[PDB]
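> return atomic coordinates for the entry below.
(chains A, B, C and D)
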Amino acid sequence: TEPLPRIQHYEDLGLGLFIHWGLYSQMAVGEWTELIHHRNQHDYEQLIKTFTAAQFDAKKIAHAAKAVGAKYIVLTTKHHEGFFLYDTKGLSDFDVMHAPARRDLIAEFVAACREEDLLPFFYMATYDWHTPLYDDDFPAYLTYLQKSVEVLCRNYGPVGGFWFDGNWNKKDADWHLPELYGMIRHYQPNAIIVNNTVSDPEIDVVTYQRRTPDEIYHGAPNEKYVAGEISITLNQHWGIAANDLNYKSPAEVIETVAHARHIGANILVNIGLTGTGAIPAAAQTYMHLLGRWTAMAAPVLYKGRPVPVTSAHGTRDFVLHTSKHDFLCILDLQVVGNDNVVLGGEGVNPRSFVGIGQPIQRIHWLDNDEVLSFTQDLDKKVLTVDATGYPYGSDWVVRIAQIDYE
Amino acid sequence: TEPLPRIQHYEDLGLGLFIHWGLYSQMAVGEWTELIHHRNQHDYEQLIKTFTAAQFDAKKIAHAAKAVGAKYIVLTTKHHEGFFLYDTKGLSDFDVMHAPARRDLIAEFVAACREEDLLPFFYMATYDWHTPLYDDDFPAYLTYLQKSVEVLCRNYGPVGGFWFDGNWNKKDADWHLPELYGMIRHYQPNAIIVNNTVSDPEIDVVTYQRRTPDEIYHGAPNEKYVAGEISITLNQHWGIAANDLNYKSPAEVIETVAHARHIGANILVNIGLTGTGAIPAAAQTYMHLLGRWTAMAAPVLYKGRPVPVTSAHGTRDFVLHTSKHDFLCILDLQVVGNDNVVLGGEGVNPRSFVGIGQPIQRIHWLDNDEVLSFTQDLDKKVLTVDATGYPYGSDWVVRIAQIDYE
Amino acid sequence: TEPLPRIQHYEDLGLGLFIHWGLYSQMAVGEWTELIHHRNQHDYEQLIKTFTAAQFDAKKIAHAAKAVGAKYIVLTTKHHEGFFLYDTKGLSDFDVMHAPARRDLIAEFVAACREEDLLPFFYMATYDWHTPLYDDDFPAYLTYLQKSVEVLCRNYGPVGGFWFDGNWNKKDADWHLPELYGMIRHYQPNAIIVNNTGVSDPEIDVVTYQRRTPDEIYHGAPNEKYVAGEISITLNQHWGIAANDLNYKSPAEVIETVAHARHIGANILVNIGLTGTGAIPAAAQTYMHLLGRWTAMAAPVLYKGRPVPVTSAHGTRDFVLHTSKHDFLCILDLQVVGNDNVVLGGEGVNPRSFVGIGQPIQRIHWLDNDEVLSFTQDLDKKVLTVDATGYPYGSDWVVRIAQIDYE
Amino acid sequence: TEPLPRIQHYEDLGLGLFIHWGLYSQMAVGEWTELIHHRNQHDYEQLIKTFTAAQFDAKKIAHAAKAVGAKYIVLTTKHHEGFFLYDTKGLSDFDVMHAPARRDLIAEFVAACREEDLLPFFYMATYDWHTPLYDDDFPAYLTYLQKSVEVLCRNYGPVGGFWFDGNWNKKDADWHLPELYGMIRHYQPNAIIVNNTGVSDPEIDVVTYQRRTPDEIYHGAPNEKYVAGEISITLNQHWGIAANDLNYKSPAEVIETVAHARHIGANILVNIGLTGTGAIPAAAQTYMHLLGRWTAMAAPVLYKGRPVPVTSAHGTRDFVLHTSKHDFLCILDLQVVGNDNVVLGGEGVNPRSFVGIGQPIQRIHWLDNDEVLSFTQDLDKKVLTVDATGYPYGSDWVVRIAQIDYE
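Numbering: from 1, shown residues only, chains lettered A, B, ... in the order given. Next comes the structure:
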């Protein structure tokens, strides 16, 4: 079937920014610290006393997303640690209104998203380490969880979506999703519901591993269409981790964003804020670099969809389709030098594709408007382009050629 | 043969910061732009008129180098473009004193290096695109080159070294190195001479490709010992290149620093300044991350030397030797979770080495002082350590265990 | 659940020989030729008239299987082409009794297997190109299929097993497996039933992994019947003989695949395609000779050895197999030992580590030459490190096996 | 510089058969056994007493070489062990005339080669373990070596070439090659001289890459004599026969190595080790049968084809070979074609591109079945793109060859 309108709109977002921020951030040793480091719960939960949010500016967060070319932001409203970054209106004492911050961060967040035309999404951990209900009274925990979501559904106006994480902790339990998701549909009919593991008809989006090779499953031929989403964090941790030096290359990040679109998914890129809610400078660097790429890729990043056009043997190239154009996404290009300074990209570089049966008028690189030479066999639907290398002084990692039809 | 004292001192520096800054920086399309983009020379050289150096602060640069754990800085005093960043005292109009900057940047540079206990090195391009002498009167060009170096030898006090680049452009010419290097020895007996391509007895250091697998040659058995040096830049270009998004991972940078020491070389890490002489934000990020690693690695980074101790099959681990300790440099480690949360590092992880014949007392990770369990076969010189994984919230990329002997 | 006795005995077989032989073999262009080459059915089926079986010697085949270290043989009794290599007792004219051969090859086959202590298994294609019943009256086809199997169950004595192939052609149909397999259990209670699916019934004993090599075997849901696993490899790209298929795997890959099967707790079938007249072709003999040397050396662990929670150190493909009296280190990526002047790669000390051994060890020795290995243990952390010496010059076993003897 | 005529003729041979046979063969643990296994020389050299050559038939060997598509054979006339397979006419007692064989095997060899139109080449080890002169009196050893070659140059008629091996053992010695090779040129002006050193003299015609496969061939300094190149492959890890070396390469890798040699402008020797009594072992026969199918198919280009500055698309291992009338696309990594219902991998359109062809093309066709290929050209940028169709079911050539016909 056809995607519901809100899921079409979701797939058009393309790229989101994931933001991890909680009490864990003050320790800068990763978001699972309370459990994995076997911390004393009483002592860990005292971090609420120093949660000032002194450097959280939701406008700067929203601006970061805008600059990277993201169209939505997923904020951690409550992680496994169980601390709420919003006013739970009496549900819990373990929330930002009982911290020196005394600010509803979610309220600030939603306002900042709307000012930048971004959808606000709320991450909610369903595996909870704070409330004894989780282990001691799971049905009552489900009521608590659902109430926590109800607050997010009812106090902030329209919400882009919800991002649930933790049902995997009790794979065999009845999580009462008809009632949780049904409550969401009542207050937030157009919210996107994402469950990180379909576990319920009301799910709109399924999550996958970034190295999923093949196109995404969209559901059975006569069932509801569900979108897909991949996630990457810049190092090994999601929350800030000061001694995690194992950052990915910006090149891998770009390739992963491209790859998401290739397989018909969205992608979240994650940053972990500091204890006080600042975007770390390391993250800003990744945002600037990916942001250059996404600005260049704008004509296809959002509306582009996978299409049955494959690339030749031995190539990682791929094709994205919009209603007016096809786009060749071309990888493993090298920089062009001279006759006596050779950087690798100077030879004619035929890249082929199978599945285009219409005569083409023009093909051009989005980065510099260079027109490419090509040949077609329309009977067998072959396209071969001379994919010229990068002008010296540039390297886009994934280069994009726009096809214009006759 | 034994290294001369200045070469011993050089090998103890370990890590240097390479800085590319010239007129090319204003175009932000790489340092070879004038040639590779077939620019009109007159028009390109007009960039001198906008060379203000308005954001060059040598003290900040020196401080950054100190913080990243560098012990020397190689600054581009004149690149292929042929513009001098110092007062050529009559040799050329194409220098910083004929630009609005009106400051001897090399003078600022050496003062700042000395304040931070760093050795200043001068990069000098021997392949020159500015002077017609280069092609049309090579003997006169050699005199010009030599005079340009003489200025550097005589007007700035003691100089850590010279880094020459371009003899490869005319492989078969007589470059009159006895007289160039002899002049350097007269005024700067303790300068390190590096020629990038041994091309002369006075050479102290040879350069290698960062992917050199094996320990480097130090010269024929009865001749002068020469050191080795590798270089890495963060993306594909050396000068700043705004649309080169193909940055290497911080992890690769760390591994390359470690690798240099493994093969008995120094390593330069290169940044390209902005047009006005600022360190770009992206470079700051790589320097912050590497700086955390080098601070942890300080007990071995400087004094550590290769030693005939190899690692077991299938690992990239290696050993570095100081007079009192050996150090296991261990790669491809994973982070430790729980029984419920598996991140990869939780099993016992036997990493073996061959070549240690002395009984060991204690082995401990430099990052957290955890004591490691081990076994030895002293007859066959096998050491096997349980290389425990990273504490959750950390990842050093290259982890270092110090061995203490009985 | 634990394996039924017949499935335990099956897992002890370890290695089987798969044999593809039918009319297709005369054309030597693969076993799917009739369909994939769009052959005229009348003209293709005339190959029965030249099916002499003139070089089929079941005794020699069984001997060769024994020598390669196989403990069972899966022979194609009828492939998709629909020709039966046995006397169908009037079910069909399209069988060996209507060919000049005039011999029940399956009868010769099972006699030969029994003489060599091998289990005979019968491959039976369930997707059938010969009888028009397959498309025009599927229920009647199922009766035909079932009767073809019934003959095999009733006229040859005890049968090691059945290997069904083709239900994947009609993924949505009711194949009436309760009745097919129930009939088999009536006449052949101890037969292993294998269905190649590309668990389809409670009576299934083995699940198949054809031309894919996975990392773990499915043994069934934790409270259901245990089923074994089996991997199948053919030497080139085809199963039937294919004269211009030059794309043979290395004998080294075959040995590694056999070892790998055992590592993950499966059996492995290695497939050969006979010539038109039923000879083992020379290329297959070569792979059999080479594998046979390996399996003879590996015999102490190949059959009884089972996977065990003992892992190998980072960066190695080594593994451990367990018998009731010994553990065995299966060690890969070794090189040959030369001298100081001739270095071939294997001469240095070569520490290979394992995690999961908690008992003090007395002696460790290579199966191929009884060389004693030096080792160290940390019993608290269950670490074993051996100096895995390289191959003596003139040998290379691909997968080398060290036997551990305990205190 | 272009190759002298005899070196052009050598480059047209394309493929040779390397044959290792000596006393070592009886032990079947590799040809270096005497040294590497630290054997007592007296005891090892007793093997002469059982050297019967009872199964050496040079005619059969030459026929096999012809059938595999080889155009020359390099036979070990004397290996490091120092035993001569020919009548040394009094130079040594350690020769076949002092063994029960009592036959000049080299004489049989050259006769058989000539009957089959093959060039006989003589391998001669220059590092010699038998004569004490080697270490005790190197000048006298050089005379001995030279005399041994003189016999080969004078008693067997015209000789295709000499293949020397061992100067690497004394890298700094004066081997007096002007005099050795000058003696060869006196008696055998057209002999190809190969020296394995892994240009040591002006008279060298061929440089080797033994057990290493590069991406370009050195043809000598730009203004000096052109020297050809030759790659060597053995089927397992040893050159002499090695019964417990199971680490055989795939037939596919052998075919790809043959193709690769031609791509980079070299010949290739494929090596077999005979049994103790001089038989081709069955394993070697298998590789020869399979390679022989490929070389028969490839005959239009294997011999005359040369490298040409035409490169293949990104991510492809394809390449081009040039004859005076045609170009040939050598295409790798193809898959077999099934049906709509049976997908084996090769069925989709498969554009394989090349850069460097500037002439309009008339027809392109696969050598194996004459199928005509569709293609497109951009003559300005010299791009050719072919739909490289997959293998017909039942075949897989590993390296498939399309012949281009020009306008």
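> any idea how far chain B is from the residue of chain A found nearest chain C?
The minimum distance from chain A to chain C, using C-beta to the nearest C-beta, falls at residue A:172 (12.5 Å). In this view, the C-beta of every residue, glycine as well, is placed from N, C-alpha and C. Noted for residue A:172: a distance of 15 Å to chain B, by C-beta to the nearest C-beta, to the nearest Å.
> likewise for residue A:137?
Taken as C-beta to the nearest C-beta, the span from residue A:137 to chain B is 21 Å.
> number of nearby residues for that residue?
13 (other C-beta atoms under 10 Å in any protein chain shown).
> rewinding a little: host element of the residue of chain A closest to chain C?
Here residue A:172 is covered by no helix or strand, with elements defined by DSSP states H and E.
> and it, backbone torsions?
phi -100, psi 0 (degrees, to the nearest 10).
> and it, how many residues sit next to it?
Neighbour number of residue A:172 under other C-beta under 10 Å is 4.
> check residue A:126 too.
Neighbours of residue A:126 under the rule other C-beta under 10 Å: 23.
> now stretch A:330-349 - C-alpha only, CSV.
This file holds the C-alpha atoms of stretch A:330-349, laid out as CSV (Å, rounded to 0.1, in the frame of the first residue of the first chain):
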residue,chain,number,x,y,z
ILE,A,330,28.8,8.2,-6.9
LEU,A,331,31.5,6.9,-4.5
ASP,A,332,35.2,6.1,-4.5
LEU,A,333,36.1,9.1,-6.6
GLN,A,334,39.5,10.7,-6.4
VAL,A,335,40.9,14.2,-6.8
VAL,A,336,42.1,15.5,-10.2
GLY,A,337,45.5,17.0,-10.5
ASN,A,338,47.6,17.6,-13.7
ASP,A,339,49.6,15.8,-16.3
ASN,A,340,52.7,15.7,-14.0
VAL,A,341,50.9,15.9,-10.6
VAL,A,342,48.6,12.9,-10.5
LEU,A,343,46.2,12.5,-7.6
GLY,A,344,44.1,9.6,-9.0
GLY,A,345,41.0,11.1,-10.6
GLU,A,346,42.3,12.2,-14.0
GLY,A,347,41.4,9.3,-16.3
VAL,A,348,38.0,8.9,-18.0
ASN,A,349,35.9,7.0,-15.4
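> need the residue closest to the centroid of chain A.
The structure's chain A has its C-alpha centroid closest to residue A:268; by C-alpha atoms, centre = their mean the separation is 1.3 Å.
> now do the SS call for whichever residue of chain A sits closest to chain D.
Residue nearest to chain D within chain A: residue A:314 (2.4 Å; C-beta to the nearest C-beta). Classification of residue A:314 using DSSP: H, G, I helix; E, B strand; the rest coil returns coil.
> can you pull the contacts of the nearest residue to it once chain neighbours are set aside?
Leaving out its chain neighbours, the residue that sits closest to residue A:314 by C-beta to C-beta, 6 or more residues apart in numbering or on different chains is residue D:315, at 2.4 Å. Residues in contact with residue D:315 (C-beta atoms under 8 Å, 6 or more residues apart in numbering or on different chains) are A:312-315, A:332.
> mind running it again at 7 Å?
Going by C-beta atoms under 7 Å, 6 or more residues apart in numbering or on different chains, residue D:315 touches A:313-315.
> related to what we said a few turns ago, now name the helix or strand holding the residue nearest to the centre of chain A.
Element membership for residue A:268, per DSSP H and E: strand A:266-272.
> could you point out the helix or strand that follows that strand?
Next along the chain after strand A:266-272, taking DSSP H and E as the criterion, comes helix A:281-301.
> how far is the following helix or strand past that following helix from where the chain is centred?
Next helix or strand after helix A:281-301 toward the C-terminus (DSSP H and E): strand A:305-306. How far strand A:305-306 lies from its chain's middle: 17 Å, per C-alpha atoms, centre = their mean, to the nearest Å.
> strand A:305-306 pairs with which strands, and in what direction?
strand A:318-321 (antiparallel) (DSSP bridges).
> quick one: distance of the partner strand to the chain centre.
Mean-position distance between strand A:318-321 and its chain equals 20 Å (C-alpha atoms, centre = their mean).
> partner strands of the strand holding residue A:268, parallel or antiparallel?
In its sheet, and by DSSP bridges, strand A:266-272 pairs with strand A:15-20 (parallel), strand A:227-233 (parallel).
> what is the orientation angle of that strand with helix A:281-301?
For strand A:266-272 against helix A:281-301, the angle between stretch directions is 170 degrees (axes from the mean of the first three to the mean of the last three C-alpha atoms, to 10 degrees).
> from the chain's centre, how far out does strand A:266-272 sit?
Worked out by C-alpha atoms, centre = their mean, strand A:266-272 lies 4 Å from the chain centre.
> can I get it in CSV? Just the C-alpha atoms.
The C-alpha trace of strand A:266-272 is given here as CSV (Å, rounded to 0.1, in the frame of the first residue of the first chain):
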residue,chain,number,x,y,z
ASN,A,266,15.9,8.1,7.5
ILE,A,267,19.1,8.5,9.5
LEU,A,268,19.7,10.0,13.0
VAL,A,269,23.1,11.5,13.8
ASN,A,270,23.7,11.6,17.6
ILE,A,271,25.5,14.1,19.8
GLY,A,272,25.8,13.9,23.6
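> name the SS class of the residue of chain A positioned farthest from its centre, please.
Most distant residue from the mean C-alpha position of chain A: residue A:340, 43.5 Å away (C-alpha atoms, centre = their mean). Classification of residue A:340 using three-state DSSP returns coil.
> let me see the backbone angles for it.
Main-chain torsions, residue A:340, degrees, to the nearest 10: phi -100, psi -10.
> how about the stretch 251-400 of chain A: which residue is closest to chain B?
residue A:393 (3.1 Å).
> so residue A:109 sits in a strand?
No: under three-state DSSP, residue A:109 sits outside any strand and is assigned helix.
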